[PDB]
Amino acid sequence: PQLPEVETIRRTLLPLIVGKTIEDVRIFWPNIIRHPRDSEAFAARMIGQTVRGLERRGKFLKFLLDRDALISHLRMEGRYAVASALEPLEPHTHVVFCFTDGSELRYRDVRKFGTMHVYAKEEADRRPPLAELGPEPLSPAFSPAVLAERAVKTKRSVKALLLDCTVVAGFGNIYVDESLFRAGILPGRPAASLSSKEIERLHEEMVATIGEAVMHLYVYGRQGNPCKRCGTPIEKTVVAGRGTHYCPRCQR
């Protein structure tokens, strides 16, 4: 799920779990548990705690309990569902939180690629994976100024810059390519080569792209197809180690 999808999950999941008390935690793929390192300690500490809230940072979900916070990343295919303990689990279910009311919060993932960390609430923000995470792209904390500061300091491509979680929180490959197209900037451009004008334009399109989604693609996955703005075939290459889609006419 991309950032906007994670925000939707946050919004819809909260009322389904708030006020419920954990009676058990079942783990079928321990590797998902990253902290505590021992999945048995992870399970034990959550028992008896009530869900008090649910927040999002980047693509991370932060479940707020009595004493602890559970930090969860779904990666690309992870999913949460709330359902009865009486019904069979869906395929690829790796972690289940059982509540005292007979309902469960279940985590699935065919790719088995997601992560979970639990810390005392007061510690969560200074520990992995939230430590060092950049500002929310929709927050004033993410400004053209902040972006310009990071761009000049580096010799990396602009795409590499935007993919950096310390620069801005949870901006995925898709939204990076879409934003750069909308800003008219080639993804391979050195970040330091961007003018002040281009930086402002880029920040503006980043906010608009992610903002609209939170509330159809120009380039992502459209290689070989005509650009929707100029009709030039969209091309795909590799930049910053990712599939990279762009219009060679619209972007400079």
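Quick note: we count residues from 1 along the sequence shown, nothing fancier.
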property	result
44-52 or 197-205, whichever carries the higher mean Cα B-factor	197-205
Per the entry, higher mean C-alpha B factor between 155-163 and 106-114	155-163
Most elevated Cα B-factor in the entry, residues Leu86, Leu74, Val176, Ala141	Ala141
Out of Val82, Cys98, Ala145, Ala131, residue topping the C-alpha B-factor column of the entry	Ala145
Within-chain third of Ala213 by Cα B-factor, per the entry	highest
Where the record places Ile185 (Cα B-factor, split into thirds across the chain)	middle
Third assignment of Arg37 from its chain's C-alpha B-factors	highest
Ranked C-alpha temperature factor of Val238 among modelled chain residues, by third	highest
Position of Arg249 among the chain's modelled residues by C-alpha B-factor, lowest, middle or highest third	lowest
